[PDB]
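>
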């Protein structure tokens, strides 16, 4: 009917997808076996006697993280050939993900995607989840998106990049992988949403009061953002929003599609005790500049287009009252050529809480996805890192011996330089 | 007799139209299952204006429900008074115009317009001679503003001399959804100034103002806002369905409001509108109706009427009421607030009296006025349009999808000419 | 017919005005639940002067309640006769003018006057034809003297020809609270002499004398003090509400007792006033009433009238009573006290007899006087003002809210000439 196809590439994609599919199963009330005891058709298919299989593919070059899904609780939820694993790791190399080992699994991946997409017309789009800091997430991510652009041309392609942090790295060669990925996802994606790890680290320190969080706590918060994004496809609402709606409403120029996301409220079970979660204050905390999910303070940018997804016990008059206060607040800055800069979407179904998680049951929530010119600094910062390391050719011999040519560094750098000049020209 | 064919387009149009059929069924005494109850001749004698006999004695609306996204049509069917509509009159789409006027009008609107136009012709040719068409849609969206205005163009080519009334909601002034509002609005107006006979403007923000300060309703949902618009929709067409002392149909309203064919944009008002607490305090009389109807605080357009002059205005009264106070109060409002009416028209006001009030009230009035204070709305859309167009912002979604750069310049030129024609009379 | 709109400002005004809605309520026989009890036509014939029908049979006061703190508004609704008022006639402030005339008139009152003038226009224009407005406030306070005097200026701009009868309670002669008394008094008076038609002054020191020496109460509360002032405030407008041998209105009193437009400050008195023990002992006659009426110890103004001359004076008698003894005693007092009257207006006295006395008496009188002994107040406030202005004490809050030094000099000059023009005719 209308459905969306999720692609998870890399270890980051898979572990985010594990949390994402746990939330989707619990909100529609299907058990890990796959059968519940037709609005939800957008994420699950039908296999005979009442039983539902997800519309996703898991892709990884190591066997490790995909075999651990295969032996977990969700053995029979996923189709056995939706979880594709290769033999050897890409090993933090962009060149390995495209030219050496990437070609052997992309053909098998496209066969699965074609079989899963030709059940219906009215395919809404694709969701990609990947890390640009890695080898297989960045390298094979590009190769799949080049292949998808050739076959499925006009379909909407949303990307969720787990972007490298300014301070915390967990890799040394990630400035190389990130600049090469951004060059090649610029001409392949429609909308790219920037997620940073240390942004969610600081959110969970102050809001959830978790001093020592893990990746499993991060991925729950990411899953709540995706749930709020695609809530309108699944549930009935007062003002619904599609997947194809974002590209008409958020991206003003073809190259400018890099955004910043936020979710509010993120409140603990003890913390909910004392607080009225009013529509006015959950929208104030969404725009509160410290509470971004990308570690870019939006005081040093201008907002260009902004999309608010209300979910829950939300009356439309309090949305209009709350967004008017934001516009009149003079520390929030808008670009001159975009006088009206809001899309509001309101859904009825409240956010579902995972048992034994860290979030509390809340009656209403906001997910905000905005385009701003503050993303200029997150591209300048890797560009400072990239020049400092490429100037005397560190780590280059791993890439050039692996199957790509010296010069793709130079081409990717000038493409990023072109993107930086584009953000500067749009602001003035 | 005479018939109105109803066409309901977009998510906004479908849920405004779903509650329209709730109020008209209630006033004609139709059970949601389609039967009649109420045992009165006056309800039933003129029912073919909105309904069709179905040889099982049930009445089916002459409504065509049209959308590109199958979500909102499921919602209308599942709700109360949802089993009333004919299932063949639903025309689904699969893809959805993502707030893009291009895909509403040109590319995805084209493959569905053949399907909807077949159904409209089946209903239109079915009667002796129909009176006209009424469309409820939105101009800030894609499928209401794009495909709804395409339908207006096609039906005016086929049936040129029939009346065409449009209940259209506009972008709100202050805070406003769907960031490409001025692209959608400006492109839809120039396709609607040439092809619609009377256009009646609604804002959501004006309706929120009404429900806060007059109705004193604490949590107004879109059910309550649509109920207010449906009240005004029934008041324009009272005289077709019920007898009265002075009848006025839609063409009577058209000949009496619009001096020049280019200017046909109307402000809509309804009275009385009182809170539950203040219902029992008020003297519900013709002088009170006329005071409440001439407020900026009561108009369902976000355009302050005292900043302009009323070119021509009309008041459709309902109930058992005395006609001299219908006449003398309309004289009273012209004389005392003399600065707000234009000079080269003597006796600007039109009155019609119908004998059947809405259910639960004793007397009501609906106001349709051609004001030149609607210049303020077209200037607000036009300067927002010129803000974005100079920088070529969000243009590649439109220009890449099968229109040209020149249609935007034509749209701005046609709407700036509409601004200029209003300015010469004030 | 004729209606008086009653408009209340400040904590003092609202506690004084709560007792007006007690003493008028029981004289017209209105139940605090809204209904009427007392089965007599004469109370009910002329009730639109202070009340409005509410189509439930209940009577709602024509009262406008305005304050900048909700604290005294909580007191009004909680007490007896507190359910009578319409809640929409209540208008609140949240911040409170902290005894600053500047923020009562300029800063805090600016955002609230738009709301309260809306409520007054709903009541004023809502009737057939209005007579006048009456105001209760203070001069010593911020929210009574600032926002109440701004309302007088704003409503005079809309309704120039209607009467204004105002109770302002003055700063105390001997000991006064609220250290900015002369800044609130002098700043209010120069706008009150240009915008008020009649002002009759009340002093708290005067009421302390009355309740001690005449009423012989050991513990006079402000419940009891406001009850005494409210008794006289019924008496000046009584003859509008009940028929009589010789009728009088406020405009009857206005044309007669103000000889020149600048001097319209009045003294009030009341008789009879005897203690609880001496109700059974005193012989209630018109000769004894006129002896109590021409006494400084009956006056509700803390002045000695024997130090000056009564320019013009008036006595509104109430009760079924013989008119000769009304007329001959007024002649008797003018012949005996030759030097206490002015010479070049012969027969200075006005009498009016209304036939229905207040409840619990058989005969009563309410006394107004335009005296030139009111120079004691204006000189006493002016030299307290002049002393505190010479070295610029407390000016920086009033300069802080957007005044100048020049408005203070004008305020002194406008009131200093008022002192001289009383002295000119003494």
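Residue numbers (the entry's author numbering), protein chains in the order written: chain 4I, 1 to 37, 47 to 437; chain 3I, 1 to 426; chain 3H, 1 to 426. Cβ atoms here follow ideal geometry from the backbone N, Cα and C, with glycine treated the same way.
I need the straight-line Cα distance from residue 185 (chain 3H) to residue 406 (chain 3H), nearest angstrom please.
For residue 185 (chain 3H) and residue 406 (chain 3H), the distance between alpha carbons rounds to 17 Å.
> Provide the residue span of the beta strand (DSSP E) that contains residue 426 (chain 3H), from first to last.
Element bounds for residue 426 (chain 3H): n/a, residue is neither H nor E.
> Name, going along the chain, the residues of the stretch 149-180 of chain 3I whose beta-carbon falls closer than 9 Å to a beta-carbon of chain 4I.
Listed in sequence order: 171, 172, 174, 175, 176, 177, 178, 179 and 180.
> Going by DSSP in three states, residue 452 (chain 3H) sits in which element: helix, strand or coil?
Here chain 3H comprises residues numbered 1 to 426, so residue 452 (chain 3H) is not present and cannot be evaluated.
> Could you tell me whether the stretch 306-313 of chain 3H touches the stretch 243-251 of chain 3H, using the rule of 3 or more Cβ pairs below 8 Å?
The stretch 306-313 of chain 3H is not in contact with the stretch 243-251 of chain 3H.
> Return no unless some Cβ of chain 4I is closer than 8 Å to the Cβ of residue 396 (chain 3I).
So yes, residue 396 (chain 3I) belongs to the interface.
> Distance, Cα to Cα, residue 49 (chain 4I) vs residue 245 (chain 3I)?
Roughly 56 Å separates the two Cα atoms.
> Here's a check: name, in chain order, each residue in its chain whose Cβ is nearer than 6 Å to the Cβ of residue 295 (chain 4I), leaving out the five neighbours to either side.
271, 273, 375 and 377, listed in sequence order.
> Measure the C-alpha to C-alpha separation of residue 438 (chain 3H) and residue 424 (chain 3I) and round it to an integer number of angstroms.
Absent from the model: residue 438 (chain 3H). The displayed extent of chain 3H is 1 to 426, so no value can be given.
> What does residue 55 (chain 3H) reach in chain 3I if we use C-beta pairs closer than 8 Å?
Here the neighbours are 280, 281, 282 and 283.
> With 16 other CB atoms within 10 Å as the buried threshold, where does residue 401 (chain 4I) fall?
Answer is exposed; the Cβ neighbour count stays below 16.
> Under 8 Å, do residue 133 (chain 4I) and residue 245 (chain 4I) count as touching if we go by C-beta distance?
No. Outside cutoff.
> What ranges does the beta strand (DSSP E) occupy inside the stretch 217-253 of chain 3I, keeping only unbroken runs of at least 3 residues that lie completely in it?
Qualifying beta strand (DSSP E) stretches, in chain order: 244-246.
> What does the alpha-carbon distance come out to for the pair residue 109 (chain 3I) and residue 363 (chain 4I)?
Computed Cα separation, rounded: 42 Å.
> Pull up the CB-CB distance for residue 162 (chain 3I) and residue 141 (chain 3I), whole angstroms please, since I reckon it's below 8 Å.
Actually they are not in contact, since the Cβ atoms of residue 162 (chain 3I) and residue 141 (chain 3I) sit about 26 Å apart, beyond 8 Å.
> Between 78 (chain 3H), 280 (chain 3H) and 86 (chain 3H), which lies nearest to residue 54 (chain 3H) when the distance is taken from Cα to Cα?
Ranking the options by Cα distance to residue 54 (chain 3H), first place goes to 86 (chain 3H).
> Tell me the DSSP secondary structure of residue 25 (chain 4I) in three-state form.
Correct three-state label for residue 25 (chain 4I): helix.
> Straight-line CA distance for residue 11 (chain 4I) to residue 98 (chain 4I)?
Distance between the alpha carbons of residue 11 (chain 4I) and residue 98 (chain 4I): 10 Å.
> Skipping 5 residues on each side, what residues in its chain have a beta carbon closer than 6 Å to that of residue 123 (chain 3I)?
If we look at residue 123 (chain 3I) and ignore the five residues flanking it on each side, its Cβ neighbours are 5 and 62.
> What residue ranges within the stretch 263-331 of chain 3I form continuous beta strand (DSSP E) runs of no fewer than 3 residues, ordered along the chain?
Runs of the beta strand (DSSP E) inside the stretch 263-331 of chain 3I: 265-271 and 310-319.
> Run through chain 4I and tell me which residues come within less than 9 Å of residue 205 (chain 3I), C-beta to C-beta.
Within chain 4I, the residues near residue 205 (chain 3I) are 329.
> Nearest CA to the CA of residue 428 (chain 3H): which residue from 98 (chain 3H), 146 (chain 3H), 8 (chain 3H) and 1 (chain 3H)?
Chain 3H is shown from 1 up to 426; residue 428 (chain 3H) falls before or after that span and cannot be answered.
> Beta-carbon of residue 314 (chain 4I) versus every beta-carbon of chain 3I: anything under 8 Å?
At least one chain 3I Cβ lies under 8 Å of residue 314 (chain 4I).
> Helix, strand or coil for residue 149 (chain 4I) per DSSP?
In the structure shown, residue 149 (chain 4I) sits in a helix (DSSP, three-state: H, G or I).
> Determine the direct distance from the alpha carbon of residue 208 (chain 4I) to that of residue 303 (chain 4I), and round the result to whole angstroms.
Distance between the alpha carbons of residue 303 (chain 4I) and residue 208 (chain 4I) is about 5 Å.
> Among the candidates 217 (chain 3I), 70 (chain 3I), 49 (chain 3I) and 68 (chain 3I), whose CA atom is the shortest distance from the CA of residue 60 (chain 3I)?
Ranking 217 (chain 3I), 70 (chain 3I), 49 (chain 3I) and 68 (chain 3I) by Cα distance to residue 60 (chain 3I) puts 49 (chain 3I) first.
> Counting only C-beta atoms, is residue 343 (chain 4I) closer than 8 Å to chain 3I at any point?
Output row for residue 343 (chain 4I): interface = no.
> What residue range does the beta strand (DSSP E) around residue 136 (chain 4I) cover?
Start and end: 132-139.
> Say whether chain 4I places a C-beta atom closer than 8 Å to the C-beta of residue 422 (chain 3I).
It does not: the Cβ of residue 422 (chain 3I) has no partner Cβ on chain 4I nearer than 8 Å.
> Under the rule that 16 or more other beta-carbon atoms within 10 Å means buried, what is residue 135 (chain 4I), buried or exposed?
Buried.
> Quick one: which chain 3I residues come within Cβ less than 7 Å of residue 284 (chain 4I)?
Under the 7 Å cutoff, chain 3I gives no residues; its nearest Cβ is about 20 Å from residue 284 (chain 4I).
> What number of angstroms, rounded off, separates the C-alpha of residue 277 (chain 3I) from the C-alpha of residue 210 (chain 3I)?
Cα to Cα, residue 277 (chain 3I) sits roughly 16 Å from residue 210 (chain 3I).
> Please tell me whether residue 319 (chain 3I) and residue 359 (chain 3I) are closer than 8 Å, where the distance is taken between their beta carbons.
No, they are not a contact pair.
> Is residue 171 (chain 4I) closer than 8 Å to residue 140 (chain 4I) when the C-beta atoms are compared?
Cβ atoms of residue 140 (chain 4I) and residue 171 (chain 4I): closer than 8 Å.
> Which residue from 83 (chain 3H), 101 (chain 3H) and 420 (chain 3H) puts its Cα closest to that of residue 187 (chain 3H)?
Considering only alpha carbons, the answer is 101 (chain 3H).
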